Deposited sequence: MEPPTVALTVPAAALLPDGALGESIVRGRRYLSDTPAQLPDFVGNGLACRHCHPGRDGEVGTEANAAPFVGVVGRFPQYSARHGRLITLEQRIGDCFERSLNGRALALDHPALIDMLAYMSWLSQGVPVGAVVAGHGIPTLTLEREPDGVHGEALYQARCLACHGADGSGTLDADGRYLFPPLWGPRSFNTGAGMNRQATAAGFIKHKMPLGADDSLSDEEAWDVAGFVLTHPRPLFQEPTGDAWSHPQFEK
């Protein structure tokens, strides 16, 4: 693998590419408000792909976009063939954002690509960046949703809500995003899979850690709830 490095925002180039990169960051950070025609829930890309200092997709084990461009095209079992990064992003809009894929030459999509390419500067094509993806956590037993409910109340509810519906900020964006219900990800999302949710939670939640057993059980509890159908 190669190291995860985040480029300097002050070294962004003047011109069309620099302006596209800045728009891309905003589409990834503020997706429901910037692309209402394509987003069907309350999630922005940054809610599962967090980053520091206003960037999106720069955190190890939270599916960083640093280096993603050099890993496409790649096989998708979902599609039964090779897909491009443009297509992968469309799947995210359809599933994680319960919405509609952008056209493959949509300027907003190209801006998102430009941003991911910027984050990927210096990464050799084909190389795997340390911390890529969301590593799964799988235990050798069923998740205990009763334990998970107790853990949720003690460790998660203060942010994500008794009803899992999250906490809105003053501008109507989610400060703490919804984990289930009509504004959360739909059943087709990767985050709807037990080992993925458990892995994400293990590595990233609560914000600011859980034992494997705790992450496994609270993920199980989260995933007992209704959410939009894909």
**Q.** Stretches of the record's deposited sequence for which the structure holds no C-alpha atoms
**A.** 1 to 4, 213 to 215, 238 to 252
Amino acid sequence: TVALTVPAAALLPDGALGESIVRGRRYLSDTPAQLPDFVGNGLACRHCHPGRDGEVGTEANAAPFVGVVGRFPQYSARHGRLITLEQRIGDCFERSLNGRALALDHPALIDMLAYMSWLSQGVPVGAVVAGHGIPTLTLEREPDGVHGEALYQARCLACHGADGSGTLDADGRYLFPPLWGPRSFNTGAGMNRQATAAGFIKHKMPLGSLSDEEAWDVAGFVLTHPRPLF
From here on, numbers count along this sequence of modelled residues.
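What we label the rigid core is the largest C-alpha set whose atoms superpose within 1.5 Å from one form to the other.
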Q: Please indicate which stretch deviates more in 5 other deposited structures of this protein: 197 to 205 or 22 to 30, judged by C-alpha RMS distance after a core superposition?
A: 197 to 205
**Q.** Mean C-alpha B-factor comparison - 68 to 76 and 137 to 145, higher one
**A.** 137 to 145
Q: Averaging the C-alpha B factors as listed in the entry, name the stretch that ends up higher: 219 to 227 or 3 to 11.
A: 3 to 11
Q.
I'd like to know which of 161, 177, 57, 36 has the highest C-alpha temperature factor in the PDB entry.
A. 36
Q: Determine which member of 166, 199, 40, 50 has the highest CA B-factor, using the values in the deposited entry.
A: 40
**Q.** Lowest, middle or highest third - CA B-factor, residue 105
**A.** highest
Q) Which third of the chain holds residue 89 when residues are ordered by C-alpha B factor: lowest, middle or highest? A) lowest
Q) residue 26's Cα B-factor: lowest, middle or highest third of the chain? A) middle
Q: Comparing against every modelled residue in the chain, figure out the third that the C-alpha B-factor of residue 193 lands in (lowest, middle or highest).
A: middle
Q: Consider only the C-alpha atoms of the modelled residues in this chain, order them by B-factor as the entry records it, and name the third containing residue 183: lowest, middle or highest.
A: highest
